[PDB]
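Shown next, in structure tokens, is the structure this report addresses.
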Amino acid sequence: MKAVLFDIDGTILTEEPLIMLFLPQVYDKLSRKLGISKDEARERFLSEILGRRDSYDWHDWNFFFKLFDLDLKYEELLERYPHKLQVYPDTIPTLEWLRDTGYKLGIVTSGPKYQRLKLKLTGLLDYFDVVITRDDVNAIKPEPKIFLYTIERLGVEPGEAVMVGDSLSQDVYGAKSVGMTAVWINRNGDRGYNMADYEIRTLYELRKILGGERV
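Its first residue numbered 1, the sequence shown is counted upward by one per residue in the entry's author numbering.
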């Protein structure tokens, strides 16, 4: 292998603490604007998210802010609360090891351009040779284009690339469909359906999968 490609959310970092922080503020502003309770505001907001699952806009917090005509921009939330972004303990030792061993490193995410800001604010950006988001290619996983465009910029063939992500449909199916090796990271004891070439609980397991030889 020559390159390892990564999803962001759930794979190298989580934005869950930030989400737990801003959602009450969304419900507050929704309650004010629409003249409903904060409980009803939560119901409507979460409903719309659930209703857009698997669509292009599903992965964009700004889509939902704008849907409800809120004066909220996720990029501003990110800049304001960058410590609420949590890097997994296994991430940086793995990125360092892959970089040291000679692998090209890519990001492939269905999230929009603020995904790149998340990497900058967590100090992860500089590890990667290429970062592709939905906004760069106007496509989401598992569309072949978002994968192919990434390995094209990395200068590698599909069969020389490994994809790591936590989504069976986006990451594993997406990567396998263009001829990549597909690794599923399963942090929460979920069901794998026998799909991925490898299943891991932690990014550290890549060392024994890839072996130690330089590339």
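Cβ coordinates follow ideal geometry from the N, Cα and C atoms, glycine included.
Within the same chain, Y114, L117, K118, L121 come within 7 angstroms of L78 by CB-CB distance, once the 5 residues on both sides are set aside. Secondary structure of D129 (DSSP, three-state): coil. In the displayed model, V26 falls within a helix according to three-state DSSP. In this structure, the beta-carbon distance from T91 to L23 does not fall below 8 angstroms.
In the three-state reduction of the DSSP assignment, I36 falls in the coil class, being assigned neither a helical nor a strand state. Looking at the DSSP output, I107 bridges to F6, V131. For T181, there is no enclosing alpha helix (DSSP H); the residue is found in the beta strand (DSSP E) stretching over 181-185. When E76, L168, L67 are compared, the shortest CA-CA separation from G192 is found for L168. Assignment of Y198 by DSSP, reduced to helix, strand and coil, places it in the strand class. Assigned with DSSP and collapsed to three states, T101 falls in helix. For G211, the secondary structure class from DSSP, reduced to helix, strand or coil, is coil.
Under the three-state reduction of DSSP, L148 is assigned to helix. Apart from the 5 residues on each side of it in sequence, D69 sits with its Cβ closer than 8 angstroms to the Cβ of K33 in its chain, given in chain order. For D197, the CB contacts under 8 angstroms within the same chain, skipping 5 residues up- and downstream, are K176, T181, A182, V183 in chain order. Per the coordinates, the alpha-carbon of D136 lies some 12 angstroms from the alpha-carbon of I107. When DSSP reads this structure, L13 sits in a beta bridge with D9, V87.
In chain order, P144, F147, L148, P158 place their CB closer than 7 angstroms to the CB of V178, counting only its own chain and leaving out the 5 sequence neighbours on each side. The Cβ-Cβ distance between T94 and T109 does not fall below 8 angstroms.
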